[PDB]
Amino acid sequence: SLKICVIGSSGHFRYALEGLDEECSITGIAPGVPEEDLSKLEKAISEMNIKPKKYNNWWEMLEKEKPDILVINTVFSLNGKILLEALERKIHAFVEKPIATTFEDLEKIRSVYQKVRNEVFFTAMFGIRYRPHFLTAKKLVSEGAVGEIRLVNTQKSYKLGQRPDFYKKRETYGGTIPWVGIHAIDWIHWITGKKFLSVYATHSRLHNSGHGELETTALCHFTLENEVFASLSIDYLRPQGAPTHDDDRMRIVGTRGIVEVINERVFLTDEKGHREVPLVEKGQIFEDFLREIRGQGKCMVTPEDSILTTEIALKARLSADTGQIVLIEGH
C-alpha cells in the first residue's frame, strides 16, 4: 500500500483527499509552522473516517512515519523548502504551487531533483487541467481543431476575502502572479507546447483591502516560439456577489479556428460555424499522481512542467517588480 503524510492546511489538499483509494492511507498530519491553522484539513479528514496521528513537528513526523508520499501545502514560501527536504529523503511529493517563491529556492529544487530523479517523483497541484472544460480544450487543440496556434488569452479572477496573515508579506506569499497567475501560465505551456521567450508584466497592490503587499491586479504579456503571444489578466477582484469563487477563461486563436473556455464550457469557431462543444469526462490529479508512483501510467503534470511554470511565474513577478522585459529562454 502507500503511506501518505500531509503538512499544512493552507492549500488545495483536497486534490489529494479526493484521489485516495483503498491502497492509500493518511497516517500523519502536521502544520508547516507552529501557528498554522489546520481547521480545513482536520474537518475534511474526520468527514472521511480516517484517523491520522497529529504531530507538532513535521520533521519528527517524517522520521517517525516514513511516508511514501508527502502532500505539501503550508505557508507558500515554505512549500519549496519542505519540497527540497522531501526530495533529499526520496519521499514522493505532491506540492502546492508555486513550488518556490525565490529563484534560489527553485534552483536548489531543480539541481537536487536532477540527481535524485530516478528514485523520487514530485509534481505541483495543477488540478484545474483535469476539469472537463480544460481537458476538452486540450483535446481539440491536439486533434487540430484550431490548426496552428497564433494567440492565447487567459484570465484568472478570484474572490479575495479573508486570508491567512502570510498572504500580506511578499517574503512568505511570493506574489499574486506566482500564486494566482501560475495556473494560467501552466494552461499556456500545456496547451501550446511552446517555449516561452520573454515576459513583460505589471501588477498593482492598490485597493487590496488591507492585504499588505498582496497584488490585487496583474497583467502579463508573454512572447513564445513561432511569434505566438499570450496574455494573462489576473485579478483578485471577483465581487463578493458573483455566483462562484472563480472566473477562469482561455481563448486560443489558430489558423483554422478559435477555441474558448468560459464559464466551465467550451466553444469552437471554425470553417463550420460557431458551436458549443460537448465535454470529455473529468480526470483527477492525485489519481494520475498515484498511477505514476505505481508505474501504471505517466502523470500529465510532470516535474519539469512544475519547475518551468514556477520559473516563468518568478520571471513575470521580476518583470512586474522592475518595470523591465525579462528573458526566460536561455536562462
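The numbering used is simple: start at 1 and walk along the sequence shown.
- The stretch 158-166 shows the higher mean C-alpha B-factor when 220-228 is compared against 158-166 in the entry.
- Here the stretch with the larger average CA B-factor, out of 132-140 and 236-244, is 236-244.
- Across the options 171, 107, 186, 96, the residue with the most elevated CA B-factor in the record is 171.
- Considering 206, 83, 250, 71 together, the PDB entry gives 206 the largest C-alpha B factor.
- In the PDB entry, residue 290 places in the middle third of its chain by CA B-factor.
- Per the PDB record, residue ranking by Cα B-factor puts residue 115 in the middle third of the chain.
- Per the PDB record, residue ranking by Cα B-factor puts residue 265 in the lowest third of the chain.
- Per-chain ranking of the deposited C-alpha B factor places residue 273 in the middle third.
- When the CA B factors of the chain's modelled residues are split into thirds, the value for residue 309 lands in the lowest one.
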